[PDB]
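Number of protein chains: 2
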Amino acid sequence: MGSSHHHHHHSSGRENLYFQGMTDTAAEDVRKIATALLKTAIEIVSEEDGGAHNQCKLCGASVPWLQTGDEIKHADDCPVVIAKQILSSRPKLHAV
Amino acid sequence: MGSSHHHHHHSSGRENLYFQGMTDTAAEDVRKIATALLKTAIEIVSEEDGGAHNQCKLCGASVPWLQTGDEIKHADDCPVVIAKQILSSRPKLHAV
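Chains B and A supply the protein sequences, listed in that same order.
First residue of the first sequence? That's 1 in the deposited numbering, and the numbers climb one at a time after it.
First residue of the second sequence? That's 1 in the deposited numbering, and the numbers climb one at a time after it.
Laid out in structure tokens, this is it:
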């Protein structure tokens with residue numbers, strides 16, 4: 001029993017909602033593509049003088065490239081930011 | 001004598017669920033992310049053994065630099081497949 005202790009979908013079915021079941025399974029795939037943002041989508045745009053700027057290709061992230069970079073600042077007018085918040089919220093298991 | 005004057009599509013009352021406006025906007029919000037993460041995360045690779053190629057970040061989609069955009073295959077192992085499914089949501093490509 002148990003099954004899900006280190007698996008990415010045992011099998012499941014299809015033809016129900018947009019994200020397979022979506023009532024539960026939606027979060028897994030959504031955060032996966034959202035993580036791709038940090039994977040390679042985020043990078044520095046080159047300067048004209050001789051340097052760069054730390055910017056998301058929209059507004060999902062932006063800050064002086066040599067400033068922290070850990071909690072990179074977000075402009076919430078961009079749909080890229082919601083993705084960050086989704087994966088930060090995550091499915092919560094409340095137990096003591 | 002006349003037809004419409006005010007936009008009654010002003011109804012702003014989406015449920016406060018997991019995926020923000022999870023009822024119909026659920027598909028919208030995620031598609032926003034999928035659309036942005038695709039368009040702004042494509043690197044054009046210049047090859048000395050070939051030429052300039054249009055290749056998406058995770059290699060999940062590749063198209064001639066002439067850019068057709070619509071007709072592009074899918075790397076089945078790459079999470080690009082689900083991203084496409086989300087941002088498209090339209091009956092296209094059977095891909096056997």
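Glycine included, each C-beta is placed from N, C-alpha and C at the ideal position.
Expected contact under 8 Å - CB spacing of residue i and residue j to nearest Å
{"i": "A:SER62", "j": "A:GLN55", "result": "5 Å"}
{"i": "A:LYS57", "j": "B:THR40", "result": "5 Å"}
{"i": "A:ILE86", "j": "A:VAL30", "result": "6 Å"}
With 16 other Cβ atoms within 10 Å as the buried cut-off, status of residue i
{"i": "B:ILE33", "result": "buried"}
{"i": "B:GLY60", "result": "buried"}
{"i": "B:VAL96", "result": "exposed"}
{"i": "A:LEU38", "result": "buried"}
8 Å CB neighbourhood of residue i in its chain, flanking five on each side removed
{"i": "B:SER3", "result": "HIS10"}
{"i": "A:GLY69", "result": "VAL63"}
{"i": "B:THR25", "result": "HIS9, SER12, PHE19"}
{"i": "B:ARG90", "result": "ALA27, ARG31"}
{"i": "A:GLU15", "result": "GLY21, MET22, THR23"}
{"i": "A:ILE44", "result": "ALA52, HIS53, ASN54, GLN55, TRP65"}
Which of helix, strand or coil DSSP assigns to residue i
{"i": "A:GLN67", "result": "coil"}
{"i": "B:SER46", "result": "strand"}
{"i": "B:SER88", "result": "helix"}
{"i": "B:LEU58", "result": "coil"}
{"i": "A:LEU37", "result": "helix"}
{"i": "A:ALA83", "result": "helix"}
{"i": "B:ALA52", "result": "strand"}
Own chain residues within Cβ distance below 7 Å of residue i, not counting five before or after
{"i": "B:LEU66", "result": "none"}
Own chain partners of residue i with C-beta closer than 6 Å, once the 5 adjacent residues on each side are dropped
{"i": "A:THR35", "result": "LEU87"}
Against chain B, which members of the segment 76 to 92 of chain A pass a CB distance test of less than 8 Å? Against chain B - using a Cβ distance shorter than 8 Å - the residues of the segment 76 to 92 of chain A are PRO79, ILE82, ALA83, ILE86, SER89.
**Message:** If the cut-off is 7 Å on Cβ atoms, which residues from the segment 24 to 41 of chain A count as contacting chain B, listed in chain order?
**Reply:** Listed in sequence order: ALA27, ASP29, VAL30, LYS32, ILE33, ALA34, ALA36, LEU37, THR40, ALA41.
### Query
Of the residues that make up the segment 48 to 69 of chain B, which ones have a beta carbon closer than 9 Å to any beta carbon in chain A?
Residues of the segment 48 to 69 of chain B with a Cβ closer than 9 Å to any Cβ of chain A, in chain order: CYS56, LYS57, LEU58, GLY60.
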